[PDB]
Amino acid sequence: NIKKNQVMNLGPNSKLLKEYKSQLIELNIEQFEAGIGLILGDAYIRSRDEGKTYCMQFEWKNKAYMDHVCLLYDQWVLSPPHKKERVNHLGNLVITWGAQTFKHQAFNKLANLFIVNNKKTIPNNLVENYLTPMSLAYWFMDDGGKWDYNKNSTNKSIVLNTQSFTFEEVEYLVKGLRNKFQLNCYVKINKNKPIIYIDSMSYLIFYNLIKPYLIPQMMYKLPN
C-alpha cells in the first residue's frame, strides 16, 4: 500500500504517484462543503484537459489560513506552500502564499457545479441543494467582510464580495440565503458589480452559523 510520505517527492508523472491517487475516490464531506465556499470565494478550480479532471489552486496572504486549508486537503496536497514574493508596478513588495492540489477525477463533482463556459458560474438552487453552514464560513473567510470599517462602529452588518459574478447569478445566491437560512440580506453595488449586503438584523443568525467553523486568525474580519 502507498502513503503520501513516499510520493510527495517523486516526479509529477511517476507511476508510484499515479497509483497513490487511484486509492482516493471522493472528497470527504468536509472537503466538499468547504470547497463550495472556497470556490465562491478565493479558490481557482482549473482543468488543463477539457474537464476530465480538475485541480484547485490556492493563494492567500494569511499563512495561517493557507496552512489550515492545506491541512484540510491533507491527502490531496503534496507540498507545503510556496511563499511568493512579488513586485508590483509601483515598486512595492507583496507577500503571498501559494499552493495546489494535484488534479483528480474527484474534483469534478465540485467543478461541474460552477464551471460551464470554462468560466466560474453560479447555477440556480446551488445554495439550496449544496451550500451548508460550513461552506458559508469559508465563503466569509475568503470574500466576506465588514460593512462599517470605521472603528467604534456598533454596526454588525456584513458584506460578501461577489463582484466576480453577474447580477443575475448573485441574485440567485441571495434568494438562497434568504430562504434557507432566513438571513435578511440583499444585493448592493460596488464598482458597478454586485455584493451581498447582509443586514445587521441577522448577524445573530449569520454568526451562529459560521462560528463553529471559523479559525482563530480569521476573527479580525467580523464586527465586535
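Sequential numbering from 1, following the sequence displayed. In this text, the rigid core denotes the largest set of C-alpha atoms whose superposition between the two forms falls within 1.5 Å.
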- Judged by RMS Cα deviation after a rigid core fit in 4 other deposited structures of this protein, the more variable of 117-125 and 150-158 is 117-125
- Query: Relative to this form, superposed by the core, which stretch has the greater CA RMS in 4 other deposited structures of this protein: 107-115 or 77-85?
  - Reply: 107-115
- Name the higher of the two by mean Cα B-factor in the PDB entry, 83-91 versus 98-106. 83-91
- Taking only the CA atoms, which stretch has the higher mean B-factor in the record, 64-72 or 34-42? 64-72
- Query: C-alpha B factor of residue 181, ranked within the chain: lowest, middle or highest third?
  - Reply: highest
- Task: Among all modelled residues of this chain, ranked by Cα B factor, put residue 143 in the bottom, middle or top third, i.e. lowest, middle or highest.
- Result: lowest
- Lowest, middle or highest third: where is residue 28 by Cα B-factor in its chain? middle
- Query: What third of its chain, lowest, middle or highest, does the C-alpha temperature factor of residue 199 fall into?
  - Reply: middle
- Consider only the C-alpha atoms of the modelled residues in this chain, order them by B-factor as the entry records it, and name the third containing residue 191: lowest, middle or highest. lowest
